[PDB]
Amino acid sequence: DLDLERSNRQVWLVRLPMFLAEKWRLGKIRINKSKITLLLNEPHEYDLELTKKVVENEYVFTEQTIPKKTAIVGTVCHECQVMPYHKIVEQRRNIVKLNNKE
Amino acid sequence: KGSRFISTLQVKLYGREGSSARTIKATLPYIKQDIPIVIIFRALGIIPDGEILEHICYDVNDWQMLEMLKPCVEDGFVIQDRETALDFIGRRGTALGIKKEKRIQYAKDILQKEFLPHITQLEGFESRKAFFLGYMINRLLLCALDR
Amino acid sequence: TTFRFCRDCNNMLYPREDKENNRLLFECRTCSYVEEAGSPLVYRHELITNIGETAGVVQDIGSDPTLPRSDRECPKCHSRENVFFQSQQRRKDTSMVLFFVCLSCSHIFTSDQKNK
Amino acid sequence: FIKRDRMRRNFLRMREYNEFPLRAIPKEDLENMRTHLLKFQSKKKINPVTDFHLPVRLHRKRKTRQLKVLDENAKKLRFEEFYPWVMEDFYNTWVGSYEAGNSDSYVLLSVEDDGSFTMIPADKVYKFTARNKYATXXXXXXXXXXXX
Amino acid sequence: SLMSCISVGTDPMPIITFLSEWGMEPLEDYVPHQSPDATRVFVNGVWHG
Amino acid sequence: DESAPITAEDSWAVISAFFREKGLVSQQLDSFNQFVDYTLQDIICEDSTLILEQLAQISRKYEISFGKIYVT
Amino acid sequence: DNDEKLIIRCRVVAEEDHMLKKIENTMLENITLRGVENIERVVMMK
Ligand SMILES: [Zn+2]
Ligand SMILES: [Zn+2]
């Protein structure tokens, strides 16, 4: 009994950096009219690039021969990617190259 | 590291210089006879031919490589389905499967594991191996054009 | 030679002769998509190949330290700073005509005094 | 023209904007549903699900003492779910496949009615392919037709 | 020759991890019509993107 | 001064600082030492697990696995 | 020979293209304009 809920919902896909993504495993996005940023909670602000403007044939669904409960969420509206006190992040990126074994 | 693999992939170009109908056929491990490159592209999940020519040749302005691709697009026209390609490689090499339902999934597991041991051996990396295969074909045909 | 692909099918368009109106057409044998012909040309072999001699020319060709340097001026911008290299087409009968690549306007002007 | 071997004595003698907040949906909805992605492979730009018509259906299609080899977890759970799903009506067909590599880091910013957004971590991602456009095949007929 | 040595081999994982942090697009997302002038990256013969 | 270009003879000093560090036969020592350090643990850890499958009529199993290797 | 562009055209009594392409191979390889077989690069020597 698969049913499309709306699909009219517009979703944005984000390719986050690993420390903040694993931290998400809240902020406030500031839309600047063609440049938009993000003010996280104390902490950094992040410019998010308009990765792909036109993003058709891409959608989002959820799941609640073996038929299962299938629901449709919304269309993908824009492909995005978060871009980045940056010296501490650069030092942490240099610091990850120091893994050793016993 | 580990196992010390010896399997070696070979992509052969048939037909001497001057004669027409110069098709391309690449051998696969555990499979007896050679299989064309386009049929393998069908077995990797890529059905259309424009995407195949888009993976092999990366320049639309060049007409020579695309021109030499034509016979492979003809034999790739003969077999047009991914399931018929998996059943084709299942019926061509390795006859110990007996049952077809186990030889199509067995052939798919060959394409996911024994086919190109490097990169990785997990399931779902068929697009990556398709791009690398198109790269090897681009090097073979690019070497055939005396460039 | 510079053929098109089908719509949805994306397969190559084999040439189909139109005997009713007596005109060339382009078909897809998988489907029923047949478009008109904008040219009577179909096939060109071109035996003696002269292309590929200037292959591999990139925007960052001026930053190659292995490449040499010359003092000949460009016929366009008149810049004496350029980088020259022979033909990229590797063959026995390939001539040693130099290819001048200016480091200003990125023009490729050769040094052949017989044919230009 | 001779090897200078007295370097020890020489070295010894020498030396308008619009701010909108983000929120994390409670984990109950994440425990109820798993968010997957959709990507089509038919080149046609549009192809919405409204033009896919109805009813849209997406469903998944004696020995003594011996030796076993072994295997791990997540790979086994992904290996047992070897039945890809399909969406059809009652005709258009779309059969999807796993993408695996495009897991990594993918966060969804679902836009609601208000300017705020709802972020949901993506579980997986699948590539749907429009199947059976031409409608033809053969098997053994093609195996005998390819022998000419 | 008197100053010639033999390599011993390291770990390619930190390099591959470090490349994707500066915008190295994965191979499965590659389109030759949308990025024809993209430079291919090879790590020990493996084409990662 | 300290920022002056070096000469041809001066290069010899560098070569000295090379052979003081490496030695004439350092490749065998470095390769063998890396073998003893990492290759042993890699070979032991890459295929240590073996299990016996025992049948009875209730199923049963046994397992043997190798861990950190020790050299004397 | 007077033409600054040397041109040759030919026709015949499925698609005609494949037939023509066969004839192309025959034309290039199987036609010897002059000279006996297995003779190349005749060098004048005093
Ligand atoms: Zn078509
Ligand atoms: Zn110039």
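Observations
- Selection from region E:28-41 of residues that are within 11 Å of the chain's Cα centre (by Cα) and either at the interface with chain B (Cβ under 10 Å from one of its Cβ atoms) or part of a helix (DSSP H, G or I) (or both): E:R40
- Looking only at region D:15-31, and only at residues there that are in a helix (DSSP H, G or I) and surrounded by fewer than 10 Cβ atoms within 10 Å (Cβ to Cβ), the one that is farthest from the other protein chains (Cβ to nearest Cβ): D:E28
- For region B:63-88, a tally of residues being surrounded by fewer than 19 Cβ atoms within 10 Å (Cβ to Cβ) and in contact with a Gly (Cβ under 9 Å, 6 or more places away or on another chain) returns 2.
- Among (1) loosely packed, with under 10 Cβ neighbours inside 10 Å; (2) within 17 Å of C:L47 (Cα to Cα), the one test that G:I23 misses: (1)
- All positions within region A:58-93 that are facing another protein chain (nearest Cβ under 9 Å) and part of a helix (DSSP H, G or I): A:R93
- Restricted to chain C, the set of strands (runs of 3 or more DSSP E) holding at least 1 residues that are among the charged types (D, E, K, R) comprises C:14-18, C:23-27.
- A count restricted to region D:72-85 and to residues that are of a type in the set (A, V, I, L, M) and either more than 16 Å from the chain's Cα centre (by Cα) or crowded, with 18+ Cβ neighbours inside 10 Å (or both) stands at 0.
- Of everything in region C:58-116 that is among the acidic types (D, E) and surrounded by 14 or more Cβ atoms within 10 Å (Cβ to Cβ), the residue that is nearest to ligand 1 (Cβ to nearest atom) is C:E81.
- In region D:49-71, residue farthest from F:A56 (Cα to Cα) [restricted to those that are surrounded by 10 or more Cβ atoms within 10 Å (Cβ to Cβ) and more than 14 Å from chain A (Cβ to nearest Cβ)]: D:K68
- Cβ pairs under 7 Å, 6+ apart, first in region D:91-110 and at the interface with another protein chain (Cβ under 10 Å from one of its Cβ atoms) and surrounded by 18 or more Cβ atoms within 10 Å (Cβ to Cβ), second of a type in the set (D, E) and not in a loop (DSSP other than H, G, I, E, B): D:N102/E:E28
- Yes/no for C:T49 being closer than 23 Å to G:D17 by Cβ, under 24 Å from the mean Cα position of the chain (by Cα), more than 16 Å from ligand 2 (Cβ to nearest atom) and of a type outside the set (A, V, I, L, M): yes
- Checking each residue in region D:47-106 for being of a type in the set (A, V, I, L, M), in a loop (DSSP other than H, G, I, E, B) and within 24 Å of A:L4 (Cα to Cα) picks out D:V49, D:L54, D:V56.
- Per-region count, region D:126-141, residues within 14 Å of chain C (Cβ to nearest Cβ) and not in a strand (DSSP E or B): 7
- Options C:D64, C:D93, C:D8, C:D71: the member that is under 21 Å from the mean Cα position of the chain (by Cα) and among the acidic types (D, E): C:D93
- Yes/no for C:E17 being more than 13 Å from ligand 1 (Cβ to nearest atom), farther than 22 Å from G:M19 by Cα, away from chain B (no Cβ under 12 Å) and touching a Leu at 6+ places or on another chain (Cβ under 8 Å): no
Read-outs throughout are calculated quantities, based only on the coordinates presented, and are distinct from any laboratory measurement. Cβ coordinates were reconstructed from backbone atoms using ideal geometry, including for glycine residues, and neighbour counts include every protein chain displayed.
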